[PDB]
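Okay, structure first, notes after.
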Amino acid sequence: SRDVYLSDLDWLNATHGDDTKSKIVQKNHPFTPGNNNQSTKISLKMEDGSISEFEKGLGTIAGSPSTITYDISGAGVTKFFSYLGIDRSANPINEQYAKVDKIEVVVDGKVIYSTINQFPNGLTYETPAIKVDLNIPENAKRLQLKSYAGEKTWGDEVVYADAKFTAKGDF
Ligand SMILES: C[C@@H]1O[C@@H](O[C@@H]2[C@@H](O[C@H]3O[C@H](CO)[C@H](O)[C@H](O)[C@H]3O)[C@@H](O)[C@@H](CO)O[C@H]2O)[C@@H](O)[C@H](O)[C@@H]1O
Ligand SMILES: [Ca+2]
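To get this note's numbering, take the position in the sequence shown, counting from 1, and add 170.
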C-alpha cells in the first residue's frame, strides 16, 4: 500500500458554508486565510492542549452540510486518517461562533464515522482535535467528508488536518 494525502487528489465536488461562493475549499490552508492567499498553515489544538501545525490537509466552512466528495472507485482504499477540529485561525468572538454540530465520514451513503457519538453537543473552538483512524470497506466507490454548521456558519473553520488515504491501487 501507499499513503496519499487527500489534498494531493482532486475531489468530485466540494461545497462549503461561506456566503461568498467564489471562495473555494482549501488544500493545505485553512479556509479563510487560504482564500486570502496567506501562508498560514492549518493548525489545531491537540489532545493535550498544545497547538500543532500541519503541512497537509483540507480547509472548509461547515454548512448544511458542507460536503467534500472523492471518487475512490478501483483505488483499493483500506484506511482514512485525519485530525478534525476548528482551525486556530478561527475567531471565537462569542458562543455563536466556531460551533460545529458534527462531522461525518460517509462511504457509499453509509456513515462509517461521526463525531456525534463522542461529542453529542458538537465541536467548539476549544474542543481538542479528534484523531480519526478508520478502516474503509472493500470495493468502496465514494467517500464524503461532511461538516454540519448548525444554527450559523460563523467561524466554522473546519480543517481535516493531515487527511490521508492508504490505498493498494490508483485513483
Ligand atoms: C465580508 C464577509 O466576511 C465573512 O462573512 C462574515 C461572517 O464571517 C465569519 O464566518 C465565516 C463563515 O461563515 C468565516 O468563518 C469568517 O472567517 C468569519 O469571520 C460573520 O462575521 C458574519 C456575522 O454576521 O458576517 C459575515 O459578513 C466572510 O465569510 C465572507 O465571505 C465575506 O468575506
Ligand atoms: Ca456553527
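All residues carry an ideal CB built from backbone N, CA and C; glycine is no exception.
(request) May I ask which residues mark the beginning and end of the alpha helix (DSSP H) holding residue 204? (result) 201-205
(request) Would you kindly work out how many angstroms separate the C-alpha atoms of residue 221 and residue 337, rounded to a whole number? (result) If you take the alpha carbons of residue 221 and residue 337, they lie about 29 Å apart.
(message) What does the alpha-carbon distance come out to for the pair residue 270 and residue 264?
(response) 14 Å
(request) Please name the residue in 277, 241 and 230 whose C-alpha comes closest to that of residue 255. (result) 230
(message) Extract the residue ranges of the alpha helix (DSSP H) inside the region 180-255, only unbroken runs of 4 or more that lie entirely within it.
(response) Every alpha helix (DSSP H) stretch that sits fully inside the region 180-255 and reaches 4 residues is listed by chain position as 201-205.
(request) Kindly examine ligand 1 and report whether one of its heavy atoms sits closer than 7 Å to the Cβ of residue 189. (result) yes
(request) Please check the pair residue 316 and residue 273, which I expect to be a contact at CB under 8 Å, by giving their CB distance rounded to whole angstroms. (result) 7 Å
(message) What would DSSP say about residue 177, mapped onto helix, strand or coil?
(response) Residue 177 falls in the helix class under three-state DSSP.
(message) Does the beta-carbon of residue 319, which I'm using as the reference point, lie nearer than 7 Å to any heavy atom of ligand 2?
(response) yes
(request) Can you tell me which of the three DSSP states residue 299 falls into? (result) coil
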